[PDB]
Every structure is written in C-alpha cells, then in structure tokens.
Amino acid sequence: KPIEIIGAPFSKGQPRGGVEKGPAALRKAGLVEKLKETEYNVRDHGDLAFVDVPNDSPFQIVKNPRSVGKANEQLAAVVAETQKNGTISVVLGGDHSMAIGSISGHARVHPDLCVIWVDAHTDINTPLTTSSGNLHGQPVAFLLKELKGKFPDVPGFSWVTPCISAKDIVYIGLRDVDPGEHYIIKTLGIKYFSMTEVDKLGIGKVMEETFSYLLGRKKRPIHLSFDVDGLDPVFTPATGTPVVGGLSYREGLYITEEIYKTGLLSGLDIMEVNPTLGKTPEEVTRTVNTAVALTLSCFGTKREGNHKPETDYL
C-alpha cells in the first residue's frame, strides 16, 4: 500500500507561534526515511503553501476565519486527490484546525469513514461557544452533521460539508473539556473514553470497545486524528496546550499498534507539535521522537519486533 506525507505548516488555528514548524521538525527527525523502512511505499508531497488572507477580520469571536477556511479548503483538495489514488494520507500539522480539511477531503473519497480522535481536548466548540476564538478548538464542530446550522456561517468555511455524524467518532484521552463542549458531547451522545475511563478500563479494554463500537457492524476506513497533547506533558511537552494526567507513551503506542492491526488505517493526522515551545532542546527532541514513533507504529513497527518475510535469518 502507498503512503503520502502532506505537510500543513499552519498555525492561525491558535495564538501560539511555532506549530507551523511542526512538519520541518518531524522530517528533521527522519520521519520520511524511517517510514521507507516499513512495508509501505512512501511518497512525500512536500509542504503546502498557504496564501495569507489580508484583512482577515474576526467573525464575532472567531479569529483569522478566512485564513483558516482557505488553508483547510486547500488541504481537503490535496487529501481528496491522494485518497482517490488509493493512497493512505498522513497529514503533518501545525495546529489541529487543519483537521477540518484533512477529514473533509478524506470523507469525499470515503464517505463511510469513522474518526478516532486521540486528544486531551474535544475540539468541538462552536463559533458561539468558544471563550477564545481559536479555531484549533472547533474542528469537529464544522465536521458534525448534527451541529449543522447550530451556529452562524463563518467567512471562509462555506465549502465545508458536514461529513460525519456523532456516531462515527470516538474520543480517547479526554480531560480538559469546556462546559459548552461537555454539553454538546452529552447531548449528541458521542462516544468517548476520558482519562477516567482509561483508568477504569485499561487501554486494552478501551481499544477493544472503540472498535466494536465503530466497526461492530460494518468494517470501514479509519481516520486517526492524533493530537500530540493527548499524551501526558512528560512525553510530549512541546505543545501549546499541555494538560497533566494524560496518556502514557506506552498507551499511545498501544492505540497506534491496535489501529495498524485492523488493516483499515486510511488517514492520519499528527498535530500540535510546536518545536518552539520546548523548555529545553531535549523537551523538543522528546516530543518529536514520540510523534515519529507513533506514526511508525501506525504503519507496522511493533514493540515485539519486526522481521522481513521470506528471509531466513539463519
């Protein structure tokens, strides 16, 4: 199967500069080379160049709506294109608001996909419920069919078409939800495993449930949107919104190891890596390495080991 890495050095999704450097960092760590060592064919599409919308006035509270809307529309085009060619797309973030187009594009080619969202945050605030106008905290609100029209249209997002329903998404790692958001997920009946459920059940039982819940009936393409801030700050400190008591390096790899095993991984997002937010160079190396490892894990690398078929090492 083929893999296509797509860089999305975007940052207007939130106030902290640096996320745009995310893709450069991840590549600097050899993410592309290390992937070629797997059983997948890898092609790097390079980084997309986002045209900056001049005079992007705030919509009520939302910030840089036109810049974010255009960047995502551009990405969705590219993702749809690679998915059409039957390749698995791997989007390297900036911030998480690039998920709007990543999932959208994907949806265009595979309308029956399910979303597994590893994050400490739900990112489901609507333009009306955000305390900050930061869109990196509103991606899912633009994608949910059930949330259609429950908020005014936003300059630059007209092209978006709610592609997934509250039934096609599962959150893992939830632990810093806003009141509005918590209302939304309880009201819409969205399935989620907050840190307290992971503690109660074990990462193993959790993964087991999420699959029977999203794949119980029909086997379908999987879109993994992975917010690096889902793991505990001790593992991925280089993020804009770290929250303590998160997923461990082990749990993170388990999730990715389980999703590879399903053979259904169709789309991936490695978001929020911010190379400039590392307090010590090591903290950045820690964060990038982890991200890289998780990605490699998504495509085959197991902790038990890997050996090439048909080769007799004896």
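Numbering starts at 1 and follows the sequence shown.
- In this entry, the higher average B-factor at the C-alpha atoms falls on 22-30, of the pair 22-30 and 251-259.
- Per the PDB record, of the two stretches 227-235 and 130-138, 130-138 carries the greater mean B-factor over its C-alpha atoms.
- Out of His96, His121, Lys205, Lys167, it is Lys167 whose C-alpha atom has the highest B-factor in the PDB entry.
- Of the candidates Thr196, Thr87, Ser102, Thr241, the one whose C-alpha carries the top B factor in the deposited record is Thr87.
- In this PDB entry, the Cα temperature factor of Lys219 sits in the top third of its chain's modelled residues, the highest group.
- For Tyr192, the recorded CA temperature factor ranks within the middle third of the chain's modelled residues.
- Annotation for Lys150: CA B-factor lies in the highest third of the chain's modelled residues.
- In the deposited entry, the Cα temperature factor of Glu272 places it in the lowest third of its chain's modelled residues.
- Sort the modelled residues of the chain by CA B factor and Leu201 lands in the lowest third.
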